[PDB]
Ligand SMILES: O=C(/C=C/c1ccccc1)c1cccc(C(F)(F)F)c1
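A single chain comes next, written as structure tokens; it is the form solved without the ligand.
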């Protein structure tokens, strides 16, 4: 009934927030709408898979908060398989390679690819992580979709097709759906194109032994019966002395403060008294989540390793159900599996099919890409379509359509009286990830602690020690990469030796 802080939502952010508050001796209640904690992380367990992450899963270098927190909860990581060759499948052929970036031979194409990625990071450098609307050209970059930007920047179809896959993969949305400013912010705040795309030394280096769902499950264990499941919040009243929070089943909770730790658009499921301020009122109708089906096909053995393939497939073009895969085999080498994402419009389109129909399409795709009939012989299949989740709205995260981030960005984490905002969307380093979930949860908790006089303002935002288990190598660029001209820069140079 009465406590210090009600935390709305028990995903990683809500739980990290509750934990920090509880570790400070405050009385917290977590109101979780679902019959489970974890939210957009969700580890399934059964005999066939032992365990499998059907939601968020990968962690890696620079993601120190999720790594620290999981470690304290007694969790361990292992390295995603990347020993053997990666594959880029383009125009129906596979080209095996090594290193994070699919290589390119043609010198003109090479110059355009190089400049594309370089320019993403160049542009990124002008974008404050904590205030992207302050970039010098914020409006100009916000009033254009990623599709316009790629049209402008890519002088080859090849660079454009790969850049498109990259956007689709990073943010489970189409290039024409999303703002260029927001997309560029998003990548920059993960440390740039290399850090974000890499398995070794990047965001996909590792997974947790046993599944990421353990993070929220273990904090639930620690909080005992402070975590209330099947308590969807429907109503928040801030007109009186104490904040009142009512759940759908009719329970009523009183607190000094509230943490909203749910996706920004899911705030729409709460009726507010007094009404939200105008800007948040509209903000929450303007920030949708992406579309993805996570798909895991199981095999007797990891046969691809025998062909010197690690299981990483970068798959170009419209006909492919899945554009990207990673080896999902257990660290002991059993429950051999290929993980793949069905992205954006493909999530929407292929959802009309049955589970067995999608499994067939993936197997046939993988058999072609790996050149292996063994791909046609799955032993099991698990998949989750996150578009269908009432209390997620999609996955991995919230994207910003053109014009929104400069108009409404400021509002995202601005307190509304005694409501403070956690949730990975409000993070400034790896927002969209489990990492940002922890950052934003602990920052919101601390904001409340500051409101209560327990900590000074300087302690709201707090840095994090580098994980000793997963250290970060720095990101390096060669001299040519840095200085080779772009395609139009080459044209202008050829033009100059004619005049």
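Numbering follows the first chain given and starts at 1.
The following text describes the form solved in complex with the ligand, which does not appear among the structures shown.
- Placing the ligand by C-alpha superposition of the site, using its position in the entry with it bound, leaves the pocket open: no ligand atom lies within 2.4 Å of backbone or C-beta atoms here.
- In the entry with it bound, the ligand sits beyond 4.5 Å of every heavy atom of residue 51.
- A residue is said to contact a partner when one of its heavy atoms sits within 4.5 Å of a partner heavy atom; residue 133 fails this definition for the ligand in the entry with it bound, lying far away.
- Within 4.5 Å of some heavy atom of the ligand in the entry with it bound lies at least one heavy atom of residue 204.
- Not displayed here, the ligand is kept clear of residue 378 by more than 4.5 Å at the level of heavy atoms in the entry with it bound.
- Taken together, the three residues 166, 170 and 314 all come within 4.5 Å of the ligand in the entry with it bound, as judged by their closest heavy atom.
- Residues within 4.5 angstroms of the ligand in the entry with it bound, judged by any non-hydrogen atom, belong to 158-166 and to none of the other stretches in 349-357, 158-166, 124-132, 328-336.
- When the ligand is considered in the entry with it bound, only one residue from 303, 95, 117, 253 comes within 4.5 Å through any heavy atom, namely 117.
- Interface residue among 197, 223, 284, 144 relative to the ligand in the entry with it bound, by the heavy atom within 4.5 Å criterion: 197.
- In this stretch, 332-350, the one residue having a heavy atom within 4.5 Å of the ligand in the entry with it bound is 341; the partner itself is omitted from this view.
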